[PDB]
Amino acid sequence: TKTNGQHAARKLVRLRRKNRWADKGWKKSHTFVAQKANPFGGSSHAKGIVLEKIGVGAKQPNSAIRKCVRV
Amino acid sequence: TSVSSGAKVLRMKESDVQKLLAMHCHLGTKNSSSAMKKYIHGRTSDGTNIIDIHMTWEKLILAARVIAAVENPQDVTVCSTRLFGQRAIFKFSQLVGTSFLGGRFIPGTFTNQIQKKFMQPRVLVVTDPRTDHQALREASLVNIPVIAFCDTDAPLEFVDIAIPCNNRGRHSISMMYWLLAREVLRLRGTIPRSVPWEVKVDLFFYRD
Amino acid sequence: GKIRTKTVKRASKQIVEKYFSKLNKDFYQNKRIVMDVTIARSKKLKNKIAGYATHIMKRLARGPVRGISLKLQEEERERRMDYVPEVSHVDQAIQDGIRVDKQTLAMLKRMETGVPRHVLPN
Amino acid sequence: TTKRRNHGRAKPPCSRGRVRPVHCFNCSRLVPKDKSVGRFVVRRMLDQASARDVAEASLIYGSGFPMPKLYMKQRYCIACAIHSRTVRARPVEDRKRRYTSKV
Amino acid sequence: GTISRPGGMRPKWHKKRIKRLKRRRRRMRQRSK
Amino acid sequence: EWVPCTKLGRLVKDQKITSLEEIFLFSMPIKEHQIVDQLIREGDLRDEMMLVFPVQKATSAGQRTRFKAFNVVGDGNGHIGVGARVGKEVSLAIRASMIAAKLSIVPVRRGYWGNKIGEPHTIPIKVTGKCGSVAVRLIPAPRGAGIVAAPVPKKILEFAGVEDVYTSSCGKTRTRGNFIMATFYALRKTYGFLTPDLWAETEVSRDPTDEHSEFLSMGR
Amino acid sequence: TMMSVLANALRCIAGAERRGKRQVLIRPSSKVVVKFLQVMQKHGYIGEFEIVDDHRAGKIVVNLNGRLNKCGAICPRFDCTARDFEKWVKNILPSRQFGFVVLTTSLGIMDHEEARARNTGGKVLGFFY
Amino acid sequence: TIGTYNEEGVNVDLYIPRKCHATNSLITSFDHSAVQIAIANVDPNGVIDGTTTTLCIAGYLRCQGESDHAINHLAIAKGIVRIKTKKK
RNA sequence: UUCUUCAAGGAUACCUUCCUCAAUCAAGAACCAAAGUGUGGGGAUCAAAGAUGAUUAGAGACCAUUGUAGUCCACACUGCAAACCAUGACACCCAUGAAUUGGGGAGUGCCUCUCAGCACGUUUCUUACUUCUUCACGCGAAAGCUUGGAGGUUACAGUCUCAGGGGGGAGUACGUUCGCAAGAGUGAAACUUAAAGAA
RNA sequence: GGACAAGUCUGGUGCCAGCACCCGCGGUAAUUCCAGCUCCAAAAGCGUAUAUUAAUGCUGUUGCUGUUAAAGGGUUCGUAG
Ligand SMILES: [K+]
Ligand SMILES: [K+]
Ligand SMILES: [K+]
Ligand SMILES: [K+]
Ligand SMILES: [K+]
Ligand SMILES: [K+]
Ligand SMILES: [K+]
Ligand SMILES: [K+]
Ligand SMILES: [K+]
Ligand SMILES: [K+]
Ligand SMILES: [Mg+2]
Ligand SMILES: [Mg+2]
Ligand SMILES: [Mg+2]
Ligand SMILES: [Mg+2]
Ligand SMILES: [Mg+2]
Ligand SMILES: [Mg+2]
Ligand SMILES: [Mg+2]
Ligand SMILES: [Mg+2]
Ligand SMILES: [Mg+2]
Ligand SMILES: [Mg+2]
Ligand SMILES: [Mg+2]
Ligand SMILES: [Mg+2]
Ligand SMILES: [Mg+2]
Ligand SMILES: [Mg+2]
Ligand SMILES: [Mg+2]
Ligand SMILES: [Mg+2]
Ligand SMILES: [Mg+2]
Ligand code: NA
Ligand code: NA
Ligand code: NA
Ligand code: NA
Ligand code: NA
Ligand code: NA
């Protein structure tokens with residue numbers, strides 16, 4: 001099967017390090033690009049000022065107006 | 001065959017070999033299967049296989065001891081789909097007292113319990129393991145041992161005791177059923193060993 | 001088409017089985033007998049039943065029929081067929097010489113009982 | 001889904017890499033030689049009615065001398081073999097009959 | 001019919017569309033550089 | 001008002017056969033659910049519905065709906081049986097599954113995790129059972145630990161009479177039909193393993209159809 | 001190529017037991033193979049075996065008796081301390097009532113019940129039950 | 001000395017099963033192809049005695065087609081089949 | 001296609017020689033269908049682009065008549081294919097029956113010199129491409145695989161190595177290496193979606 | 001309503017207002033919205049948001065997958081390992 005060495009820990013460590021970048025969950029916590037694009041700088045809440053009140057429609061199977069605001 | 005405190009009884013005699021050789025019960029087919037390769041003893045220049053007589057008799061007696069050990073003769077069923085065995089099936093049942101099935105085998109006669117022909121035999125005898133495969137397959141579902149007359153090309157699945165013989169040729173099957181019927185009666189019954197049996201093989205012969 | 005259905009066919013076999021005697025190749029005599037021993041409501045069925053019965057009898061006069069199974073005919077066939085010749089065919093064959101192949105003879109010599117009598121190679 | 005075990009040709013793995021293509025007898029399409037459907041045809045130059053008239057007018061074939069035949073080896077693409085009814089679609093479990101010789 | 005449900009037009013012609021895009025982008029950056 | 005149709009049924013109707021262990025010893029099929037009713041007290045019956053879902057088949061002008069039901073039947077200790085059937089109505093499918101569950105009844109072995117004290121509480125070995133993609137593993141565990149398992153394998157393992165087991169699983173267990181049967185196949189395998197205490201060559205007895213063949217001879 | 005003759009021999013034996021044979025032939029055999037076999041024979045798990053000698057690595061004929069369920073090598077040969085015996089048992093054994101894990105110590109090749117009695121440890125070799 | 005025993009002497013196992021004489025394997029309760037064959041002993045005379053020798057075949061051996069081969073070896077060991085023809 | 005030449009390669013046979021010299025691989029190297037590029041030849045056939053005639057609502061297409069580059073050779077490039085057995089290399093075990101290619105061991109036909117020769121029939125053996133409808137066990141979601149396994153695996157460990165991580169954005173953008181060019185290799189994210197997919 | 005313990009109760013609205021973490025509910029008889037009455041969980045505690053651990057054998061040394069679902073390099077040689 002895979003490598004079974006007793007002196008092959010270097011190969012197994014390199015394999016796991018390279019392949020750990022392939023899951024979106026683990027990559028999001030070690031890459032710093034998400035925080036910059038996130039309007040909250042990694043914070044639970046944030047404070048803002050209301051600009052205007054808008055009404056956005058609902059997606060296709062539904063039908064309504066969702067009463068949002070621009071902040 | 002052997003016996004505790006062996007007395008050389010139940011052994012092949014001179015007349016038995018004459019009957020077997022007379023009607024060509026020792027001739028196989030051109031091809032052989034791996035299962036039956038042990039019973040074959042040499043082969044002719046033509047390509048026909050020769051069946052070892054000693055082992056043919058050994059299995060014949062062993063099957064007889066199984067059938068005679070059944071207390072109720074109705075608990076033995078004899079089956080045959082080939083035409084040449086149908087007569088031998090009938091006479092064998094008459095003399096020993098065993099139920100018999102001839103011709104087409106209705107699927108369900110051993111497993112479909114809510115039926116007017118449901119049967120529960122304790123042992124099964126079939127003329128040919130290849131043409132009687134439906135019977136063998138059905139017996140594999142209800143714990144029923146099987147005795148079969150096998151040629152050199154027979155498939156031995158679901159076959160417990162195999163008697164190597166000549167399944168083809170009208171007189172060949174009749175010879176084997178005649179010997180089996182006589183041996184069972186000798187093993188237990190009113191037929192003595194010294195006096196030759198009075199019935200005729202031609203009775204077991206199949207005629208139109 | 002003039003196919004006779006299962007109801008007609010089955011009753012005809014039953015009538016022939018029970019009353020094979022008194023039956024003959026004449027439709028009109030058979031029709032009177034069928035009307036006597038049947039309780040069917042429809043007259044049309046009784047006509048067809050007697051028609052198929054005559055057809056069966058005509059075939060029976062020439063040879064056996066699979067479904068008919070007459071009791072007396074079976075016994076006469078059984079007694080004829082369970083015939084025994086004066087001398088067994090095997091006994092005649094043993095009396096004449098038995099010809100066997102050389103390797104067939106080879107195992108016979110090796111066997112304890114040895115080569116039996118009335119046996120020749122060729 | 002693999003429809004056929006030999007993938008429609010007669011080239012096992014580990015045996016060849018390439019087989020030279022031929023032209024279809026009918027549409028002139030290029031098909032590998034093992035994949036194509038091939039038939040050897042022997043046909044008479046004249047049917048029964050015409051052979052009788054020509055034999056009567058001739059002195060060579062007038063007394064028991066065979067007329068010439070036409071020998072050709074025809075190779076078909078898959079489409080032209082189906083359309084011309086040389087072969088037909090078959091039920092699953094009947095797609096395995098082989099017919100090693102012409103009879 | 002041999003393949004299963006392409007997503008949005010034959011993949012070969014989608015490939016040719018992008019190749020002509022890359023050529024035009026290359027020509028546009030050469031004007032400035 | 002039940003008249004048996006098989007040789008085994010006739011013996012069980014009388015007192016010739018009294019323990020299911022006699023039947024299991026010769027591996028004979030049951031084929032009649034009244035055998036289990038008589039052989040078990042019927043106070044330890046304990047049926048249980050487990051799953052009832054609809055299945056459909058497309059036809060011209062609509063479709064056709066039927067119901068598949070899974071029943072589990074087990075005594076207090078050592079006997080378990082699972083059956084599934086289909087019917088045009090929910091009520092019919094329930095009753096049919098009950099009969100099917102009784103028809104297939106198997107014995108399940110039990111053992112000790114460590115030192116042997118008192119009655120057995122856990123299975124004697126680790127056994128796996130597979131049905132589809134779902135595979136269920138059962139592991140022996142020290143006493144006191146309960147039945148560490150999902151709700152579905154736990155209900156089945158209660159009826160089998162095990163009070164202590166560790167459970168691991170693989171595959172798409174969201175398919176409850178395969179989850180029910182995979183555990184049942186795991187319990188059946190407990191009597192197939194050859195432990196070193198059974199080496200112990202033992203003689204051969206006679207089957208009931210031979211021992212009481214005389215009684216079955218006369219009559220119908 | 002062939003990297004472990006112990007893994008090879010234990011694979012041949014467990015294979016023949018799966019099919020139902022009565023005898024196996026094993027090549028090329030070595031000292032470690034023979035000492036492993038003697039541990040299985042002494043506990044009554046295989047039966048009589050014999051070594052045929054050529055002027056090379058020999059061959060072994062082993063008679064079976066239908067008691068073996070599985071036997072296999074562990075690779076690579078990990079290290080086990082006298083306190084680590086249980087952990088191995090919980091992993092590669094069907095139960096703790098029966099089975100064996102074969103170790104190689106400085107006293108010699110021997111199973112884990114004997115090793116615990118002498119209070120030693122070493123590298124695991126295989127198992128059988 | 002069959003089955004599992006407590007620290008006391010009580011045997012807690014129920015239904016000790018059958019072991020096939022050919023393969024040394026347990027014959028389970030859901031194996032419907034397993035069979036039992038009874039062969040009668042006889043006296044120095046040709047009449048049957050009244051004692052039977054009994055054989056157990058596993059059941060998967062039958063479907064493999066090896067059931068016949070096993071029976072030959074079992075009957076030879078039990079002393080019911082003469083292996084080879086005697087010398088003249 | 002045949003004949004004449006040059007250097008190789010595998011199998012078999014062997015009571016020849018030698019004595020661990022081996023297995024598999026980042027980096028690095030050589031080869032690699034067709035189309036395409038450069039410079040000289042060659043140019044019969046077919047034929048991208050292009051031109052005519054039809055068909056059609058339209059037809060830029062399919063059909064017909066043509067026609068340039070190409071198709072062929074030499075020497076330099078390119079390095080991509082459904083480059084497929086969609087199945088990485090080395091080693092072990094493993095049920096049957098008929099065939100076939102090459103070497104070796106142990107009744108029939110032709111037979112004035114590549115001839116103490118050549119084919120065939122019967123039985124064994126080593127190597128190779130595989131077939132079973134009268135082919136196992138076993139495995140798999142199934143279709144199916146089964147002595148180059150997709151078996152011997154929750155009863156999970158013979159050895160090495162290359163890839164994957166819900167669908168799209170996308171094999172795209174930026175940087176860099178290689179290329180005459182066409183391109184090739186390496187290779188993201190912001191955003192957007194509850195399915196897409198397999199039998 | 002389901003996952004998930006707990007109403008086929010009674011009024012109002014009528015694809016609107018709103019709920020809904022996911023599947024979904026609302027177009028005139030709404031088991032899901034706004035309310036009344038009952039009931040369920042846990043309780044001086046209980047919801048919501050963000051991050052993180054277990055669930056996860058969805059990072060696999062123990063312990064994954066690669067014919068067709070994502071995935072065996074086009075083929076050989078070859079050094080460190
Ligand atoms: K073809
Ligand atoms: K299609
Ligand atoms: K799970
Ligand atoms: K053209
Ligand atoms: K590629
Ligand atoms: K060759
Ligand atoms: K094959
Ligand atoms: K299949
Ligand atoms: K690129
Ligand atoms: K996975
Ligand atoms: Mg080759
Ligand atoms: Mg190719
Ligand atoms: Mg298709
Ligand atoms: Mg695809
Ligand atoms: Mg040529
Ligand atoms: Mg070119
Ligand atoms: Mg050029
Ligand atoms: Mg030029
Ligand atoms: Mg032209
Ligand atoms: Mg797979
Ligand atoms: Mg693994
Ligand atoms: Mg992805
Ligand atoms: Mg939430
Ligand atoms: Mg509603
Ligand atoms: Mg976590
Ligand atoms: Mg490849
Ligand atoms: Mg490459
Ligand atoms: Na391909
Ligand atoms: Na590929
Ligand atoms: Na680039
Ligand atoms: Na499909
Ligand atoms: Na876990
Ligand atoms: Na793929």
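Convention: sequence-line order gives letters A, B, ...; per-chain numbering from 1.
Taking 4.5 Å as the limit, some side-chain heavy atom of F/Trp113 sits within range of a side-chain heavy atom of F/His121. In this structure, the side chains of F/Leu51 and F/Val152 stay at 4.5 Å or more apart for every pair of heavy atoms. Looking at heavy atoms from C-beta onward, G/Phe128 lies in side-chain contact with G/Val39 at the 4.5 angstrom threshold. Using a 4.5 Å cut-off on side-chain heavy atoms (C-beta onward), F/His79 and F/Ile40 make contact. A 4.5 Å side-chain heavy-atom check between F/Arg110 and F/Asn77 finds at least one atom pair inside the cut-off. Looking at F/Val12 and F/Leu39, their side chains come closer than 4.5 Å, going by heavy atoms from C-beta outward. The shortest distance between side-chain heavy atoms of G/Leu25 and G/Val52 does not fall below 4.5 Å. Contact annotation: the side chain of G/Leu93 approaches that of G/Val101 to within less than 4.5 Å [non-hydrogen atoms, C-beta and beyond].
Within a 6.0 Å sphere centred on NZ of G/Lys59, other residues, nucleotides and ligands contribute 12 heavy atoms or fewer. Remark: F/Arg46 CZ is packed, more than 12 non-hydrogen atoms of other residues, nucleotides or ligands lying under 6.0 Å away. For F/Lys154, the NZ atom is loosely surrounded, since the number of other residues' heavy atoms within 6.0 Å does not exceed 12. In the displayed structure, G/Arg67 atom CZ is contacted under 6.0 Å by more than 12 heavy atoms of other residues, nucleotides or ligands. Crowding of G/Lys31 atom NZ: a count of heavy atoms from other residues, nucleotides or ligands under 6.0 Å not exceeding 12. Within 6.0 Å of atom NZ in F/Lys31, more than 12 heavy atoms from other residues, nucleotides or ligands are found, so the atom counts as buried in its surroundings.
A cation-pi arrangement is absent between F/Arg176 and F/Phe70 under the rule of less than 6.0 angstrom and at most 45 degrees off the ring axis.
The residues G/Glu86 and G/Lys90 are annotated as not salt-bridged, no charged nitrogen and carboxylate oxygen being separated by less than 4.0 angstrom. Using a 4.0 Å cut-off between charged nitrogen and carboxylate oxygen, F/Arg109 and F/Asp197 count as a salt-bridge pair.
Test H/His32, H/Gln36, H/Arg18 against F/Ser27 for side-chain hydrogen bond (donor to acceptor under 3.5 Å, both in side chains) and you get one pass: H/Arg18.
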Show your reasoning for whether side chain to side chain contact (heavy atoms under 4.5 Å, CB included) applies to G/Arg118 and G/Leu107. CA-CA 9 Å; G/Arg118 317 258 279 250; G/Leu107 305 158; 3.8 Å; yes
Working note: F/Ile94 + F/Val52, criterion side chain to side chain contact (heavy atoms under 4.5 Å, CB included); need CA distance, chi angles, decisive distance, verdict. CA-CA 8 Å; F/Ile94 296 328; F/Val52 171; 3.8 Å; yes
Step by step, work out the side chain to side chain contact (heavy atoms under 4.5 Å, CB included) result for F/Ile35 and F/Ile17. CA-CA 10 Å; F/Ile35 282 154; F/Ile17 300 274; over 6 Å; no
Kindly indicate, with the supporting measurements, whether the criterion side chain to side chain contact (heavy atoms under 4.5 Å, CB included) is fulfilled by G/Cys71 and G/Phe36. CA-CA 11 Å; G/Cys71 73; G/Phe36 201 106; 5.6 Å; no
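Among all heavy-atom pairs drawn from F/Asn71 and F/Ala101, the shortest one is O-CB, 3.8 Å. Summarising the geometry of G/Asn91 relative to F/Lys126, their closest heavy-atom pair is O-NZ, 3.9 Å, with the distance given to 0.1 Å. Residue F/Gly129 comes nearest to F/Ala186 through the heavy atom pair N-CB, 3.9 Å, listed as atom of the first residue, atom of the second, then distance. Minimum heavy-atom separation, G/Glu17 to G/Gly66: OE2-CA, 3.2 Å.
Remark: F/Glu32 CD to F/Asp37 CG distance equals 11.5 Å, nearest 0.5 Å. Distance check: G/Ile26 CD1 to G/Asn8 CG gives 8.5 Å after rounding to the nearest 0.5 Å. Annotation: the span from B/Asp160 atom CG to H/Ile37 atom CD1 amounts to 4.5 Å, rounded to 0.5 Å. Note that CD1 of F/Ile156 and CE of F/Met181 are 9.0 Å apart. Values are rounded to the nearest 0.5 Å.
Between the side chain of F/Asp47 and the backbone N or O of F/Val73, no donor-acceptor pair lies under 3.5 Å.
Taking the ring centroids of H/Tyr15 and F/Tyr191, they lie under the 6.0 Å cut-off.
Between G/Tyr129 and G/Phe127, the ring planes are parallel. Angles under 30° get that label, and only those over 60° would be called perpendicular.
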